[PDB]
Amino acid sequence: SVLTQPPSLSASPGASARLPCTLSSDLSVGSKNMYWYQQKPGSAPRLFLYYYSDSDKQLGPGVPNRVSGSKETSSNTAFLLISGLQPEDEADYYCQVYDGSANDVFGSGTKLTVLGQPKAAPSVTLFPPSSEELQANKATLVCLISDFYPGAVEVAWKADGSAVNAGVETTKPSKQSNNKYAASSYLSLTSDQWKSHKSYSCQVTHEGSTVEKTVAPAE
Amino acid sequence: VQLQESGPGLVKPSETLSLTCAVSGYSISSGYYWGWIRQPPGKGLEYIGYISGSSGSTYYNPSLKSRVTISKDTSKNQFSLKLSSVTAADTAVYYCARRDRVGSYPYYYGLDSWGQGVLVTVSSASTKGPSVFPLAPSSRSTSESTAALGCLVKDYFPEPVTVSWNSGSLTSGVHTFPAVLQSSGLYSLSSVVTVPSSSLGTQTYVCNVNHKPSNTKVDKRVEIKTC
C-alpha cells in the first residue's frame, strides 16, 4: 500500500495551498482515516490534521483554524488545505494512513513554498585561521553566510585576486527558522599556504549581487 | 507523555543498532502502541514497527523482516529497538513515537508524541572528537558597535555536535551553522554570535561544544585581540 505526494508545491500568500496525497488503488480514500504531519528543519514531525470527513476531523495541537482537509473519491486523493498562507507555513507535509494491523504508511512528503517572500541579500562573516590552528600547521578560513533569500548562493574564494579552487567545501543552503537561508564555506589550507599570500577573499554571489569579505595574514 | 530517547549514534556495518525510549507520564503496559520511525538524510519518514502496550504483540515493516526486534521493559517503563545486520541503508535519524490503540477516537491514532530523535550513522570508521578553535572578532568590528565572534568545531565524526554559549546563558544573536562534510569524511561546523562591542570589555564568551559519540565536552574561551 502506497501514498503518493508531489515532492514540492508553491502557492501565493492569502490564497490556499492544496497538498495532495494519492492513495494506491487497493485503498478507498472515502473510508480512510488520513493524518497529516508538519515537519520543519531540526524537529520531529508534529500531527497537523486528522481528516476522515468534513463531519469527523480535528486540527492538531496548536494548528490554526485556516487549515482543513478534503477527499476526491474520483482521483482517490486526500488533500490538506492551508488557507490564508503565511511564511511560517513553509514546511514538509507528510500524509499517513494505517493498514489493518495499525502499521504506518507514509507519503514521501511535499515541501511547501509560500510565494512572494521579499528578496534578502546575505550577511557574510569571514574568519581567518586562529593562532591555535596555525600552531598545528593548519589554517581554515571560515565563511559564514546567513539571512539570504532565495536559497541559492554561489561562493568563490580568491587569493591575491586569483581564483582558489582547491581545498574548498561549501554546504548546501539550509532553511533557517525565519525562513531565510544559511550556508557556510571552508577554505582548508596549510599554515605555509596561508602565509604565502597577502589576502584571501570569500565572494558570495546572490541573484547577481556579490557580497565580499577579505582577510589578511598580516594580522 | 514524554519520550526520552537514547542509544549509540555510530554502528559498525553488519552489527546491531540498539535504541531505547524511556517513557514518563503514562505506563507503557497500560495501553497505546509504541513505535519506531526513521528518516534517512534528506529523505522521508520510514515506518519500522511498533509494540502494543497492553498485549506485547509486535508488528514490523515487512521490508525490515528478520532484522527488527521491538520489546518493552515494564521494570523501566521503557521500550527498545534492535536492528541487526546494519548497512548504509540504516543510516538515519530514528524517532520513537506513540499512538493510541484501535478502539479509541481515531484522532488519537495520529502519532501524538515523539522522541527527540537519535542520529545513527552506519560506518566502519571510528569516532573522532573535534578540535575546537576560538574565532576572535575582527579588531575593526570591535571598534564599531557590534562584533561577531565564533567557534570552529573541526574534523569530527560522526554527527551530531551541540554548541552553546556561556553555559546556555547566551542565546540571542547565536547562529550555529549545519556542518560541512569534508573529502576526508570528517565533519566541521561553526557557531557565531553577535554581541555589543561594549560587552567585550566586561563579559567572557565561551562556547560549550559537546560531541557525545567521542565523549568530548570542550569549553573554548574566545579572547579579544587588538591586532
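Just so you know, these numbers use all the heavy atoms, side chains as well, and skip hydrogens, waters and symmetry mates. Within every chain, numbering begins at 1; the chains are lettered A, B, ... in the order of the sequence lines, protein sequences first and strands thereafter.
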Margin query: Heavy-atom cut-off 4.5 Å, strictly under: side chain, backbone, both or neither for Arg101(B) against chain A?
Written below: neither
Next item on the list: State, with a plain yes or no, whether a side-chain heavy atom of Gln176(A) is found less than 4.5 Å away from one of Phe177(B).
Entry: no
Next item on the list: Please flag which part of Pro61(A) lies under 4.5 Å from any non-hydrogen atom of chain B: side chain, backbone, both or neither.
Entry: both
Check: Say you draw a straight line from OG of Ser131(B) to CD of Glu132(A); how long is it, rounded to the nearest 0.5 Å?
Finding: 11.5 Å
Notebook entry, point to check: If you count heavy-atom pairs under 4.5 Å with chain A, which of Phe133(B), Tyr50(B), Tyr105(B) comes out on top?
Noted result: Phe133(B)
Next item on the list: Mind ranking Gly49(B), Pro178(B), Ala179(B) by heavy-atom pairs under 4.5 Å with chain A and telling me who comes out on top?
Entry: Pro178(B)
Margin query: Does any part of the side chain of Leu152(B), heavy atoms only, come nearer than 4.5 Å to the side chain of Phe127(A), both counted from C-beta?
Written below: no
Next item on the list: Output the distance between atom NE2 (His175(B)) and atom OG1 (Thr125(A)), rounded to the nearest 0.5 Å.
Entry: 10.5 Å
Note to self: Heavy-atom cut-off 4.5 Å, strictly under: side chain, backbone, both or neither for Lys154(B) against chain A?
What the structure shows: side chain
Check: Mind checking whether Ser108(A) and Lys43(B) have side chains closer than 4.5 Å, heavy atoms only?
Finding: no
Next item on the list: Quick one: which of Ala182(A), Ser130(A), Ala136(A), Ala102(A) has the most heavy-atom pairs under 4.5 Å with chain B, could you say?
Entry: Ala102(A)
Next item on the list: Identify which part of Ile145(A) has an atom lying under 4.5 Å from any heavy atom of chain B, answering side chain, backbone, both or neither.
Entry: backbone
Margin query: Is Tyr95(B) in contact with chain A via its backbone, its side chain, both, or neither, using a 4.5 Å heavy-atom distance?
Written below: side chain
Next item on the list: Supply the atom-to-atom distance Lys172(A) NZ to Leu181(B) CG, rounded to the nearest 0.5 angstrom.
Entry: 11.5 Å
Margin query: Applying side-chain hydrogen bond (donor to acceptor under 3.5 Å, both in side chains) to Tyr108(B) and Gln58(A), what does each step give before you reach the verdict?
Written below: CA-CA 10 Å; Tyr108(B) 296 104; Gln58(A) 299 295 351; over 6 Å; no
Check: Is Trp114(B) reaching over with its side chain to a backbone N or O of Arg46(A), donor-acceptor style, under 3.5 angstrom?
Finding: no
Notebook entry, point to check: side-chain hydrogen bond (donor to acceptor under 3.5 Å, both in side chains) between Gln96(A) and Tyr47(B): does it pass, once the steps are laid out?
Noted result: CA-CA 10 Å; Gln96(A) 174 208 49; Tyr47(B) 172 61; over 6 Å; no
Check: Who wins among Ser57(B), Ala136(B), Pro134(B), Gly117(B) for the most heavy-atom pairs under 4.5 Å with chain A?
Finding: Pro134(B)
Item checked: Non-hydrogen side-chain atoms of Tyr35(A) and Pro106(B) separated by less than 4.5 Å -> yes
Next item on the list: Look up atom OG in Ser131(A) and atom CD in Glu223(B), then write down how far apart they are to the nearest 0.5 Å.
Entry: 9.5 Å
Note to self: Measuring from atom OH of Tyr98(A) to atom CG of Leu111(B), what distance do you get when rounded to the nearest 0.5 angstrom?
What the structure shows: 3.5 Å
Checklist line | Under 4.5 Å from any heavy atom of chain B - which part of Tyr51(A) | finding: neither
Next item on the list: Could you check which of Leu45(B), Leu149(B), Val180(B) has the highest count of heavy-atom pairs closer than 4.5 Å to chain A?
Entry: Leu45(B)
Notebook entry, point to check: Under 4.5 Å between any side-chain heavy atoms of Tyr109(B) and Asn33(A), yes or no?
Noted result: yes
Notebook entry, point to check: Do any of residues 183-192 of chain A have a heavy atom less than 4.5 Å from a heavy atom of chain B, and if so, which, in residue order?
Noted result: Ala183(A), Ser184(A), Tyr186(A), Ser188(A)
Item checked: Which atoms of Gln39(A) approach chain B - backbone, side chain, both or neither, heavy atom under 4.5 Å -> side chain
Next item on the list: Side chain from CB out, backbone as N, CA, C, O: work out which of these in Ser183(B) comes under 4.5 Å of a heavy atom of chain A, or both, or neither.
Entry: both
Notebook entry, point to check: Around atom NZ of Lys128(B), are there more than 12 heavy atoms of other residues, nucleotides or ligands at under 6.0 Å?
Noted result: no
Check: Considering only heavy atoms, which portion of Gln116(B) lies under 4.5 Å from any heavy atom of chain A: side chain, backbone, both, or neither?
Finding: neither
Item checked: Contacting moiety of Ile48(B), where chain A heavy atoms sit under 4.5 Å -> neither
Next item on the list: Name the option with the most non-hydrogen atom pairs under 4.5 Å to chain A; the candidates are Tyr59(B), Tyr60(B), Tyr33(B).
Entry: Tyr59(B)
